[PDB]
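Remarks on the structure that follows.
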Amino acid sequence: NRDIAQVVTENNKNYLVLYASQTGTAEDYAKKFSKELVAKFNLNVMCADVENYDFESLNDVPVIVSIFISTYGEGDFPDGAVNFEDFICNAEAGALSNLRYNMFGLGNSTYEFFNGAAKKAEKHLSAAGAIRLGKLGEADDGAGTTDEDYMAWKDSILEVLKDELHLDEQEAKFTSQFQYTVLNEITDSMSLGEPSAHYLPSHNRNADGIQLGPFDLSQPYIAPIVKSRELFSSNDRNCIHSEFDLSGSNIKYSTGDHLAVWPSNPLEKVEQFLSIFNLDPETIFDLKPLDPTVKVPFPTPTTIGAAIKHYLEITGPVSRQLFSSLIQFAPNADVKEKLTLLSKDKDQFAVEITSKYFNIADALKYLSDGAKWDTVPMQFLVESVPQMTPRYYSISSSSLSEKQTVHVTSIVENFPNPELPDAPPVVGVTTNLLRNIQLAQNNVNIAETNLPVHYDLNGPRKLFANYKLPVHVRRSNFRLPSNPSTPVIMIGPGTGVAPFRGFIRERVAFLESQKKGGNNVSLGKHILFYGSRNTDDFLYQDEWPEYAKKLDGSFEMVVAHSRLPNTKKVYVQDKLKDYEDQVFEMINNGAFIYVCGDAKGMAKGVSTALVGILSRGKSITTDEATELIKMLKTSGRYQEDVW
Ligand SMILES: Cc1cc2nc3c(=O)[nH]c(=O)nc-3n(C[C@H](O)[C@H](O)[C@H](O)COP(=O)(O)OP(=O)(O)OC[C@H]3O[C@@H](n4cnc5c(N)ncnc54)[C@H](O)[C@@H]3O)c2cc1C
Ligand SMILES: Cc1cc2nc3c(=O)[nH]c(=O)nc-3n(C[C@H](O)[C@H](O)[C@H](O)COP(=O)(O)O)c2cc1C
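Numbering (full-length UniProt numbering), first residue to last: 47 to 249, 252 to 691.
Below you can see the structure in the form of structure tokens.
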């Protein structure tokens with residue numbers, strides 16, 4: 047049932063691929079690899095989520111295993127794949143003696159513990175007596191080489207497995223794990239885009257009561273945005289403040305948690321995709337698993353349009369592996385040839401597709417000069433194109449003062465193609481989707497706005513009506529000290545200020561209560577290092593002076609602006625060296641350090657910064673201080689909510 051060694055044997059699998067992914071990236075490649083392992087060897091491969099099974103019987107596995115794991119927290123395994131982490135990190139000496147495995151670890155060198163998950167996992171496996179086969183792969187999203195790094199590790203391991211297994215090669219060739227059987231009569235027992243398959247007509253009374261049941265990746269709660277405003281005084285850039293209403297359900301979130309927003313690709317894009325392949329969005333269809341191991345991607349049956357709009361991540365960078373897997377369905381002989389050369393030349397792919405920021409469709413239109421690919425099966429796509437993942441946003445509202453509502457401040461990703469000037473702006477999906485709503489919620493003449501794409505605000509069967517979207521809440525560790533007296537140091541550049549908006553709202557709804565009688569019992573010094581380009585992207589500028597008051601002399605916000613006219617750039621990490629002594633004191637007083645935001649280089653920087661502050665302050669070596677910081681990160685006094 048949920049037993050590994052048992053599942054593999056009963057199904058006669060001769061190769062087990064395991065993935066421990068959080069945002070589908072590892073699941074994505076784990077699949078590219080597993081599929082290509084049947085593409086050249088036709089091995090019956092079981093590509094499973096290291097989260098659905100139980101690994102007690104791991105050692106009893108009779109095949110060789112591929113592990114695709116990503117890194118989180120501080121060398122942490124993706125959540126809901128902790129069992130695996132425990133087991134592995136626990137199995138004693140020679141406890142996996144029979145295991146033959148090879149591994150690929152996705153990570154981002156801009157965080158400490160680069161590829162820590164997989165580094166650790168292979169440290170234990172070793173000690174557990176298992177035998178690693180090829181070299182240990184490290185994808186580095188930091189430098190944006192993930193894909194090209196996978197390609198490399200891939201080639202290698204493919205060679206190695208060829209030997210170990212004495213496998214004969216063959217020409218590549220796609221094999222569906224399902225049974226694609228077109229249909230005719232759209233039933234209500236099927237899906238038109240409903241996220242989870244519980245939101246099916248044949249399944252809750254539209255006008256019902258307080259929705260229950262655990263809501264999450266498997267079952268998201270359709271919630272309504274009850275408020276939305278723009279946050280930037282800018283002309284180009286824009287950032288949306290959204291207020292979802294979760295009262296209709298029993299979702300109790302904490303301050304510091306995250307919100308997972310399930311999108312639906314742009315309309316201009318879903319179209320560009322259906323076109324190049326010459327697909328009929330209406331084509332109803334269904335997917336039958338060819339065995340208890342293959343799990344159905346999404347709710348089925350369904351129409352092709354719904355799957356391209358609600359199920360398939362069509363937008364985004366193109367994997368060079370997807371080109372190599374297309375030769376089979378080339379449109380014409382001249383294509384099949386270029387598709388090949390490209391699928392083989394690291395550089396040429398960059399040059400002709402990657403550096404130009406094409407999307408699957410954009411890319412293939414390019415190669416064929418508009419020549420349609422009526423040869424690509426849908427089954428192919430449903431297994432060859434990544435599933436759409438919800439995007440996580442730091443919760444900007446306080447649970448204490450906004451228990452029922454969830455705030456989400458999300459900067460819109462939407463920049464000009466740096467290569468093809470005449471080309472459409474590189475847009476993110478969930479961000480603009482929120483904007484289209486925000487714009488439409490307020491009654492703005494979108495036609496006059498600079499919006500880049502347009503979304504089906506109605507949804508499945510007007511399931512998204514009243515500006516709703518699928519959502520759930522991820523419980524995090526990002527928490528404000530227990531003792532309302534402990535000191536607090538917050539560092540959140542731009543977007544990353546969100547967790548501190550909560551922190552303050554929260555620390556205010558509190559001091560408020562204590563004032564309403566209970567006798568306000570002190571309140572530690574809270575410092576917030578914010579930072580943005582200028583005064584047009586200054587998040588919630590208007591709000592801080594208000595909080596500053598209710599907080600007494602306990603609050604203090606230091607600001608830093610980078611893009612400020614005639615002024616030397618300045619980051620929040622700079623203001624730290626500026627305010628070092630005060631910082632150093634707050635720390636010596638037990639303060640808590642919170643670093644949130646997008647750490648392109650903000651994690652290491654801010655870290656290096658606090659190490660500078662400490663080394664200097666304690667008058668010790670730079671390595672010593674560094675250690676000191678690591679000890680805090682380990683204790684929990686230095687928390688990071690960076691992406
Ligand atoms: C724990 C966590 C917390 C977060 N908290 C916040 C928060 O509080 N606020 C916030 O604003 N964000 C936050 N994020 C980031 C957020 O989840 C998304 O990354 C962001 O909203 C981008 O969403 P999207 O839907 O536009 O992305 P996507 O559509 O996945 O796009 C990502 C980027 O790729 C570009 N792109 C699209 N297609 C291509 C292509 N073919 N080739 C190359 N580039 C392409 C886009 O234009 C965009 O810049 C957080 C992330 C995590 C993991
Ligand atoms: C919140 C967050 C924390 C991360 N922490 C680390 C880290 O400590 N070390 C590392 O090498 N990569 C880290 N990464 C990067 C991921 O390993 C990398 O982007 C990978 O592609 C994620 O794959 P997944 O989406 O399949 O999990 C982090 C990413 C996020 C979003």
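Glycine included, every Cβ here is placed at the ideal spot set by N, Cα and C.
By the C-beta density criterion, residue 560 is exposed, having fewer than 16 other C-beta atoms within 10 angstroms.
In this structure, the C-beta of residue 187 approaches ligand 2 to less than 6 Å from one of its heavy atoms. Judged by DSSP secondary structure, residue 686 falls within the beta strand (DSSP E) whose first and last residues are 686–690. Relative to ligand 2, the beta carbon of residue 359 is positioned no closer than 6 Å to any heavy atom. Taking a cut-off of 8 Å for Cβ pairs, the segment 300–307 and the segment 449–462 touch, as three or more such pairs fall below it. A direct Cα-Cα distance of roughly 28 Å separates residue 473 from residue 428. With a minimum length of 4 residues, the unbroken runs of alpha helix (DSSP H) contained wholly in the segment 276–356 fall at 315–325. Bounds of the beta strand (DSSP E) holding residue 146 are 146–153.
For residue 165, the enclosing alpha helix (DSSP H) covers residues 162–173.
Sixteen is the threshold: since fewer than 16 other Cβ atoms of the shown chains lie within 10 Å of the Cβ of residue 258, the residue is exposed.
When beta bridges are read from the DSSP output, residue 116 appears opposite 152. Rounded to whole angstroms, the separation of the alpha carbons of residue 111 and residue 105 is 11 Å. The alpha helix (DSSP H) runs of length 4 or more contained entirely in the segment 509–576 are, from start to end of the chain, 546–563. Residue 294 sits buried, since 16 or more C-beta atoms from the chains shown fall within 10 Å of its C-beta.
Around the CB of residue 647, 16 or more other CB atoms lie within 10 Å, so the residue is classed as buried. Beta-bridge pairing by DSSP links residue 439 to 309.
Taken atom to atom, the span from the alpha-carbon of residue 546 to that of residue 605 is near 14 Å. Comparing alpha-carbon positions, the option among 165, 137, 136 lying closest to residue 150 turns out to be 165. For residue 458, the closest alpha carbon among the candidates 466, 442, 471 is that of 442.
In the three-state scheme derived from DSSP, where H, G and I count as helix and E and B as strand, residue 228 is classed as coil. The beta carbon of residue 266 sits closer than 6 Å to none of the beta carbons in its chain outside the five residues before and after it.
Annotation: the continuous beta strand (DSSP E) that includes residue 640 extends over 640–645. The continuous beta strand (DSSP E) containing residue 95 extends over residues 91–95. Boundaries of the alpha helix (DSSP H) harbouring residue 204: 192–210, taken from the DSSP string.
Shown here, residue 122 sits in a strand according to DSSP, grouped into three states. Residue 206 and residue 216 have their C-alpha atoms some 16 Å from each other. Scanning 550, 370, 575 for the CA closest to the CA of residue 588 turns up 550. Of the residues 75, 212, 314, the one whose Cα lies closest to the Cα of residue 195 is 75.
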